[PDB]
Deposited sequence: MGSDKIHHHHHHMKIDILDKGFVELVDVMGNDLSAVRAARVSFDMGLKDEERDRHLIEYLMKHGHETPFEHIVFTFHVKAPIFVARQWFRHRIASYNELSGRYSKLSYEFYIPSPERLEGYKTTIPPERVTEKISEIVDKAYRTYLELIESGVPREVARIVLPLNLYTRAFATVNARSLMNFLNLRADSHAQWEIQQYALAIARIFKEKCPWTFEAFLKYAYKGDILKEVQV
């Protein structure tokens, strides 16, 4: 299960422990009834009893630009392992906005030129980086010229409670657009694996705007 985001990004589901019933079992404290189980999901969610959802956990492999990643990693109730720029020589991959991204703003140049200007500095910066590498500058110093739209990759392990908080904050029109796109992809996977929690979430607890407008 892998969803493309932006121009070269993606959200990929690596693993999952549990399903809707894991939250139910934890709430009841019972190891071993659709309508009743689902009623309980709804009740916990409606009255703010969120601890049982911590028993559902996801691992994602995410590929995203550093400026998105830095917003993402502010979410502390989660586990992250990221590609190190200190030790790995970095790939020529950068997020270059679509002209589509600026259509809607009154600019004094065509958005094609915005794109071309962004692409131009990315190219010079990267070339400078490679010159420094070849000349023997250690990577951890050479990379500091790389712009914030460099794509990085991370594994993120997070429980459903923390994922829902993530959704309230990032699946929302006040969040930067680029991260909204990643949150839609998190939402899709979450919906597929925990359909009851997800619907109860949207109905009772979700505080954002986009997921009630935009299917899955």
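Visitor: Which parts of the deposited sequence have no C-alpha atoms in the model?
Guide: Deposited residues absent from the model fall in 1-12, 45-48.
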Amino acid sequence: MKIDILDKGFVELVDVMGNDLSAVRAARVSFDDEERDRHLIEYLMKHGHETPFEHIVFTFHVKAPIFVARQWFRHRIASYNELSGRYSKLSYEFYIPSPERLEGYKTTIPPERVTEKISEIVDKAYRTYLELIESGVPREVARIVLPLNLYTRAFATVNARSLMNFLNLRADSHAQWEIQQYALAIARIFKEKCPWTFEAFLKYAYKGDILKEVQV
From here on, numbers count along this sequence of modelled residues.
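Visitor: Comparing 42-50 with 164-172, where is the mean C-alpha B-factor higher?
Guide: The stretch with the larger average C-alpha B-factor is 42-50.
Visitor: Which is higher on mean Cα B factor in this entry, 106-114 or 77-85?
Guide: Mean C-alpha B-factor is greater for 106-114.
Visitor: Go through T59, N149, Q180, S30 one by one and give the residue whose Cα B-factor in the PDB entry is largest.
Guide: Max CA B-factor in the entry, restricted to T59, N149, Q180, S30: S30.
Visitor: Pull the Cα B-factor of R188 out of the PDB entry and bin it into the chain's lowest, middle or highest third.
Guide: It belongs to the middle third of the chain when residues are ordered by C-alpha B-factor.
Visitor: By the recorded C-alpha temperature factor, relative to the other modelled residues in its chain, which third is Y129 in?
Guide: It falls in the top third of the chain.
Visitor: C-alpha B factor of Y92, ranked within the chain: lowest, middle or highest third?
Guide: Tercile = highest for this residue's CA B-factor.
Visitor: Would the CA B-factor of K63 place it in the lowest, middle or highest third of its chain?
Guide: Lowest third - that is where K63 ends up once the chain's C-alpha B-factors are sorted.
Visitor: By its CA B factor, does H55 count among the lowest, middle or highest third of the modelled residues in the chain?
Guide: For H55, the deposited C-alpha B-factor lands in the lowest third.
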